[PDB]
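Listing of work32.txt; format and content: compact mmCIF, C-alpha atoms.
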```
# COMPACT_ATOMS: atom_id res chain seq x y z
CA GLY A 1 -50.30 -14.11 1.11
CA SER A 2 -50.46 -12.93 4.74
CA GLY A 3 -50.53 -16.41 6.45
CA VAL A 4 -47.29 -17.84 7.82
CA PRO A 5 -46.58 -21.59 7.37
CA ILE A 6 -45.22 -23.55 10.29
CA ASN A 7 -44.14 -27.15 10.09
CA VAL A 8 -47.11 -28.58 11.89
CA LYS A 9 -49.63 -31.00 10.28
CA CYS A 10 -53.36 -30.67 10.83
CA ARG A 11 -56.74 -32.25 10.13
CA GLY A 12 -58.58 -28.96 10.65
CA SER A 13 -57.91 -25.41 11.69
CA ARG A 14 -58.43 -26.24 15.52
CA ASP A 15 -55.23 -28.29 15.41
CA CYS A 16 -53.37 -25.08 14.47
CA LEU A 17 -54.51 -22.93 17.37
CA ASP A 18 -52.07 -23.98 20.13
CA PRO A 19 -49.01 -24.20 17.86
CA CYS A 20 -49.74 -20.88 16.16
CA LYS A 21 -50.11 -19.20 19.56
CA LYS A 22 -46.83 -20.75 20.79
CA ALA A 23 -45.12 -19.50 17.64
CA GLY A 24 -46.09 -15.91 18.58
CA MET A 25 -49.13 -15.59 16.35
CA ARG A 26 -52.89 -15.06 16.80
CA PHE A 27 -54.40 -18.34 15.52
CA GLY A 28 -54.07 -20.63 12.48
CA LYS A 29 -55.73 -22.09 9.41
CA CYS A 30 -55.17 -25.65 8.23
CA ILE A 31 -54.24 -25.45 4.52
CA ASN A 32 -53.65 -28.74 2.66
CA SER A 33 -53.08 -30.38 6.05
CA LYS A 34 -50.43 -27.86 7.19
CA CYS A 35 -50.82 -24.96 9.64
CA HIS A 36 -50.60 -21.44 8.33
CA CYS A 37 -50.66 -18.93 11.18
CA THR A 38 -52.27 -15.49 11.17
CA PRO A 39 -49.80 -13.01 12.64
```
Written form, structure tokens:
Amino acid sequence: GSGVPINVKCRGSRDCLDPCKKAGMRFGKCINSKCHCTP
């Protein structure tokens, strides 16, 4: 719903932190091995 996919692969939600921040967002969740950022 509210999460925003970016085209970054992940093993776990830590992998999504730096990319989600660089994409303008607060942090990220790793969902089926892909980062979904929380705006």
Nearest to residue A:8, restricted to only C-alpha atoms and choosing among A:30, A:20, A:25, A:35, comes out as A:35
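The nearest approach to residue A:39 among the residues A:21, A:9, A:14, A:26, with all atoms listed in the file taken into account, belongs to A:26.
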Enumerate, as an NGL selection string, the protein, DNA and RNA residues whose atoms approach (-58.9, -22.6, 10.2) to within 12 Å, taking into account all atoms listed in the file and the coordinate frame of the file.
:A and (3 or 10-17 or 20 or 26-38)
Let me have the centre and edge lengths of the axis-aligned box enclosing all listed atoms of stretch 13-21 of chain A with 6 Å padding on every side, in Å to one decimal, as lines of an AutoDock Vina configuration file.
```
center_x = -53.7
center_y = -23.7
center_z = 15.9
size_x = 21.4
size_y = 21.1
size_z = 20.4
```
